[PDB]
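Scroll down for the structure; my scribbles are underneath it.
Reckoned from all heavy atoms, side chains included, excluding hydrogens, waters and symmetry mates. Order of listing sets the numbers, starting from 1, for every ligand and every atom in it. Proteins get letters first, then strands, A, B, ... in listed order; numbering begins at 1 in each.
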Amino acid sequence: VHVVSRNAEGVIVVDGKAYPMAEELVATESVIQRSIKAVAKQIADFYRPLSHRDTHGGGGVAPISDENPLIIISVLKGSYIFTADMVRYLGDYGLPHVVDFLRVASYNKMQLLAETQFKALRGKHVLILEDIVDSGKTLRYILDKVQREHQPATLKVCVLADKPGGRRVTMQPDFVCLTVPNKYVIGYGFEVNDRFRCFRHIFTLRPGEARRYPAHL
Amino acid sequence: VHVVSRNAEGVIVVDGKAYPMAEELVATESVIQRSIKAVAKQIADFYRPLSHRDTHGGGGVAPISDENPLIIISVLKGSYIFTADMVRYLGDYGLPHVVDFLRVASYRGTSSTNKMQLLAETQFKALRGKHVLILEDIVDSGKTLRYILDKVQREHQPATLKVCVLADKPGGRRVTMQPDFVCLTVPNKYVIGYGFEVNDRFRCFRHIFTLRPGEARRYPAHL
Ligand SMILES: Nc1nc2c([C@@H]3N[C@H](COP(=O)(O)O)[C@@H](O)[C@H]3O)c[nH]c2c(=O)[nH]1
Ligand SMILES: Nc1nc2c([C@@H]3N[C@H](COP(=O)(O)O)[C@@H](O)[C@H]3O)c[nH]c2c(=O)[nH]1
């Protein structure tokens, strides 16, 4: 169980630990984990009965199985902790799956930083695991690229977080674990220059803290 | 308390779930997590007293801090689950750290041994004079880690370079390689579960098992 309060300095404390960079708590670890496990059950219920291209028996179509698993593409770096937890819940619900990774970045225009290494996704069910949908530009770019380069049977998106008010392009993920306020979030994979990703809870960031670490790593 | 049993087919069952690909149980989730958390305390206790190059203020040397954190390089794809768990324990013990990834792959070839390639480079570019810790899944022959250490040292010139492995298979060594931190020791068998794979299968298991002999060729098709 968690205790969420503010100390005498007005700083958020969760389970005895102070978070002076946080404006508000969004979700505790318990709430996050319950939300991910609930979505894992939805993903397993949706994909378990489906069939797709048989690459194990070089055959036609066959059920999702350890021979022909659901293909999961995890988006680095923000989704790796979420992915590690989600795959264990998907295993709990008995969904056969395998995970590869891609990474994208913006210069705002989008560019691939790291490509997936899976090469046989034609006619396969593919699920993207991503940390958050905000404007929707990052996921529109990933979906268009995976669709044209891999030609999957179906392509869906599961996000840990949906920031509804940030949308600038049409993008509604098929699966959403949590809804967050229209603010910059940190914790549980969410970072400020790679800091704060290890927090077990999600918080909104005090606006003055966003440029605290300007030096490139 | 986990319930470990065998069904009428002789298959290992842990908490009601059957593992027909497994020969024996090595470690339950409870044992694995306790072992990782213990090593996280050792890592935090070792690094929090240290200092390294100040890139935040452009001074000389400064203590490990959120301004100048420990640099962790995680080896993809094998270490991502271990890394996700370890970083949360390191945060519990108050160790300032950041994580970047290197991706290495092994391919079946025409030569005597499977061949290694670097698929993804680190994105971090200011590791000179920094304390760097590598997080890796297992040390068996030691060849993979010797390759990674040499590369990281030559390209980044770190102040110090150490290795933490989830698993040590001591009886598989072919080259000198002793990790600085070891969470658990595994039998001289092919292990699966908790990140350990057969062609990307079995990584999601909460427990570590030994693989039934010959089952490493169960999924021959390239993904
Ligand atoms: N830490 C933190 N990252 C993001 C992002 C990052 N930008 C991308 C998503 O943005 P978008 O949908 O606008 O294209 C992702 O790479 C995500 O990691 C959006 N919003 C936040 C937020 O509130 N907090
Ligand atoms: N699933 C599973 N992988 C490996 C490996 C693989 N080879 C790498 C390390 O090998 P080595 O030390 O022999 O160079 C590991 O990162 C992993 O990919 C060795 N032993 C095992 C094992 O018992 N089980």
Side-chain angles (χ1 to χ4, degrees), chain A residues 26 75-80 82 102-106 108-110 113 130-143 157 159-169 171 173 180-197 199 202-205 209-210, chain B residues 21 26 75-79 82 103-106 113-114 116 134-149 163 165-175 177 179 186-203 205 208-211 215-216:
Chain A
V26 174
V75 183
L76 291 173
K77 288 198 294 188
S79 80
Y80 90 93
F82 168 52
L102 65 72
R103 183 194 301 211
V104 295
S106 60
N108 298 329
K109 203 73 182 155
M110 295 300 304
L113 259 173
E130 174 63 311
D131 54 358
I132 191 163
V133 57
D134 189 341
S135 78
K137 292 174 230 134
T138 297
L139 275 168
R140 187 67 275 161
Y141 175 79
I142 293 164
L143 285 174
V157 181
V159 291
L160 163 66
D162 171 11
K163 188 186 305 186
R167 288 297 185 290
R168 303 296 181 262
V169 298
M171 177 56 58
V180 300
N182 192 5
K183 297 288 188 179
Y184 192 91
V185 292
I186 56 159
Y188 193 66
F190 296 115
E191 87 292 10
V192 170
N193 197 11
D194 271 304
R195 281 71 162 184
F196 313 147
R197 295 198 196 268
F199 299 161
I202 297 165
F203 305 87
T204 55
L205 185 70
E209 297 289 280
Chain B
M21 70 294 297
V26 176
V75 183
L76 289 179
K77 293 197 295 189
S79 77
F82 170 50
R103 184 169 178 171
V104 63
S106 191
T113 192
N114 285 9
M116 287 187 284
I134 298 170
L135 291 185
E136 175 63 311
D137 52 3
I138 187 167
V139 59
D140 189 343
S141 85
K143 291 185 283 187
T144 299
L145 270 167
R146 289 295 296 274
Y147 168 86
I148 292 165
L149 282 165
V163 178
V165 293
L166 166 65
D168 177 9
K169 190 186 302 184
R173 283 297 182 287
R174 293 192 47 74
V175 301
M177 183 59 236
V186 295
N188 194 6
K189 305 284 182 162
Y190 189 96
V191 293
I192 55 163
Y194 191 66
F196 293 115
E197 56 150 351
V198 173
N199 194 10
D200 271 300
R201 282 74 163 184
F202 315 147
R203 292 201 196 272
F205 300 165
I208 297 167
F209 303 87
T210 56
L211 182 68
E215 295 224 57

On the 0 to 90° scale, with breaks at 30° and 60°, tag the A/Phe196-A/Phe199 ring pair as parallel, tilted or perpendicular.
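Parallel.
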Beyond-backbone contact of B/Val163 with B/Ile148, side-chain heavy atoms, under 4.5 angstrom
no
Working note: B/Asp137 + B/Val75, criterion side chain to side chain contact (heavy atoms under 4.5 Å, CB included); need CA distance, chi angles, decisive distance, verdict.
CA-CA 8 Å; B/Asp137 52 3; B/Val75 183; over 6 Å; no
Is a donor on one side and an acceptor on the other found under 3.5 Å between the side chain of A/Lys163 and the backbone of A/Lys183?
yes
Exam field: side chain B/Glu197 to backbone B/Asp200, donor-acceptor pair closer than 3.5 Å
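Yes, because the side chain of B/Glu197 sits within donor-acceptor range (under 3.5 Å) of the backbone of B/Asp200.
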List by chain and number: which residues place a heavy atom under 4.0 Å from ligand 2?
B/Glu136, B/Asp137, B/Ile138, B/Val139, B/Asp140, B/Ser141, B/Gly142, B/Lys143, B/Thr144, B/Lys169, B/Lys189, B/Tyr190, B/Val191, B/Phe196, B/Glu197
Can you name the side-chain hydrogen bond (donor to acceptor under 3.5 Å, both in side chains) partners of B/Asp168, sequence neighbours left out?
B/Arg173
